[PDB]
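1. piece number one of the complex, untouched:
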Amino acid sequence: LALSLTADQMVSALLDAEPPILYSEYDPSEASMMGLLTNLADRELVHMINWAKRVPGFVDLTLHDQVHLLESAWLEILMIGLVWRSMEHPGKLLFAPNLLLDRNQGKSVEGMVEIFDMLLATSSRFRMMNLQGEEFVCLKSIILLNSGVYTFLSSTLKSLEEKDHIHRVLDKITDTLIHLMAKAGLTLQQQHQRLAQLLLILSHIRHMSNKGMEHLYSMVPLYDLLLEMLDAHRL
């Protein structure tokens, strides 16, 4: 059904599915800075799952594939969200309304400053491009559907069907982006130049996620933890 949605409907649904902005939890002695960060991410994860289900076409996939996509994309989704809310805070990262950190504070945290700077640069880029909220939610949906699609275990009929569907929805979101741009008044040439610029940023977002993984790895398996939350009962 998600494939019958119009651009405007696609956009509406995504806007409607946006997760809440959470707060860091502390008494303004129980955790370090990185603890505040991981705790925050843990809580957002729960909500990310609710968002994912509301993304057109996601719930049509098997439980296995849904989990695989999220396990592959969760840090990219958190990061693009952080970059989006950091846009109006040059030099700073709004991890939470009560956890606005600047570059110097990311040094306190062993080996996080590289990622910090990359996240800052991405935020500047978004600002510089006049990234619209509508384009932002499309991008986040593309990350969710595209990040793990290239690494699906089996290659059985069911899996092939799944990949066909994922790609169809991805082409859909592509049309929605082009549509928005056409509406904003861009020329065809300007439309494809901007689509390209936007999609190229996701490559840097993937890179930042990988470096975040390492940093996190350095210091229950997420698949089972995700599965647990995605696999709900109807009681």
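-> Perfect, I can see it now. Numbers count the residues shown, from 1 in each chain, chains lettered A, B, ... in the order given.

2. show me the residues around the residue nearest in space to the middle of chain A that make contact.
-> The centre of chain A sits closest to residue A:77, judged by CA atoms, centre = their mean, with a distance of 1.9 Å. Residue A:77 makes contact with A:48, A:140, A:143, A:144, according to CB atoms under 8 Å, 6 or more residues apart in numbering. All C-beta atoms are positioned from the backbone trio N, CA, C, and that covers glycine.

3. which residues in chain A form helices?
-> Taking DSSP state H as the test, the helices found in chain A are A:7-17, A:33-54, A:63-85, A:103-108, A:113-129, A:133-146, A:157-184, A:188-218, A:222-230.

4. Let me know whether residue A:152 touches residue A:67 as I believe.
-> No: checked against CB atoms under 8 Å, the pair residue A:152 and residue A:67 is beyond contact range at 11.6 Å.

5. The two: who's more crowded?
-> A direct count of neighbours by other CB atoms under 10 Å for residue A:152 and residue A:67 places residue A:67 higher, at 23 against 17.

6. Check the gap between that one and residue A:224 for me.
-> Residue A:67 sits 9 Å away from residue A:224 when distances are taken as CB to CB, to the nearest Å.

7. same question, residue A:217
-> 17 Å.

8. neighbour-wise, which of those two wins?
-> Taking neighbours as other CB under 10 Å, residue A:217 and residue A:224 compare with residue A:224 leading, 12 against 7.

9. tack on chain B:
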Amino acid sequence: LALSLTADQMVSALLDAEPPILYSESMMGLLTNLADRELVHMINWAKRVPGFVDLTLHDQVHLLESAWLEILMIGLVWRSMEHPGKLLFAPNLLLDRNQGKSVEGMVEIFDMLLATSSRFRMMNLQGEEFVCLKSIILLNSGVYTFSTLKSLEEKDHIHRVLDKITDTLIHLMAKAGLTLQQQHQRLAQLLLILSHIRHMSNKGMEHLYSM
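-> Next up, chain B placed on what we already have:
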């Protein structure tokens, strides 16, 4: 400047800059040796990429340091298209999945490379499109991690050249006879694959580093 070249001139310039396919001369030794010799050639190819030499020396170095493994990998995946289930590291070094199990932590990357190659096969990726994507990788990968006056000029240059390569890719597709819708969708599909390639490179770097 590169910024004045037409779509056909860009294509022509990229095709002509194409590096040669090298031959393998115990596995990692052969793979690393092959990679090491390809790097000499990659650098020359890079200097032929329109716009690239206009950048400072430090920035050229920065872009190559950042993109070199992705560039090797997309080359690898391209010459492996017509060999489903196999990775053609060199015409005399064509390996399968089972052969990757040999080395620790290689199979996972192998499988990703194989999946990427299959994707290119399924999309019927053309060589004109391939040289554009490879050039996009070179100019895009490290640009995000170069706030000075010079930095502004550099990123502006890179982004204008990228817009040029984008017009070139769309042009190619237009001639191919795709509808506007099909061009946009195909451009997107190709660019989204670049993120998977970035991912393989990072895992490839972790691998190298552990040895």
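
10. For residue A:105, see how far away the residue sitting furthest away from the middle of chain A is.
-> In chain A, the residue that sits farthest from the middle, by CA atoms, centre = their mean, is residue A:29; the gap is 31.1 Å. Distance, residue A:29 to residue A:105, using CB to CB: 18 Å.

11. again with residue A:205
-> In terms of CB to CB, residue A:205 sits 22 Å off from residue A:105.

12. of those two, who's got more company?
-> residue A:205 (26 against 16; other CB atoms under 10 Å in any protein chain shown).

13. Confirm for me that the more buried one is in contact with residue A:79.
-> Yes: here residue A:205 lies in contact with residue A:79, judged by CB under 8 Å, at a distance of 6.0 Å.

14. need the contact list for residue A:16.
-> By CB atoms under 8 Å, 6 or more residues apart in numbering or on different chains, residue A:16 lies in contact with residue A:54.

15. Find the nearest non-adjacent residue to residue A:114, please.
-> Leaving out its chain neighbours, the residue that sits closest to residue A:114 by CB to CB, 6 or more residues apart in numbering or on different chains is residue A:211, at 6.8 Å.

16. Test my guess that residue A:39 contacts residue A:33.
-> No: Residue A:39 is beyond contact range of residue A:33, at 10.7 Å (criterion: CB under 8 Å).

17. Could you tell me which residues of chain A lie near chain B?
-> A:117-118, A:121-122, A:125, A:142, A:146-147, A:150-151, A:167, A:170-171, A:174-175, A:178, A:188-189, A:191-193, A:195-197, A:199-207, A:210-211, A:214 (CB under 8 Å from any CB of the partner chain).

18. I appreciate the help and will end here.
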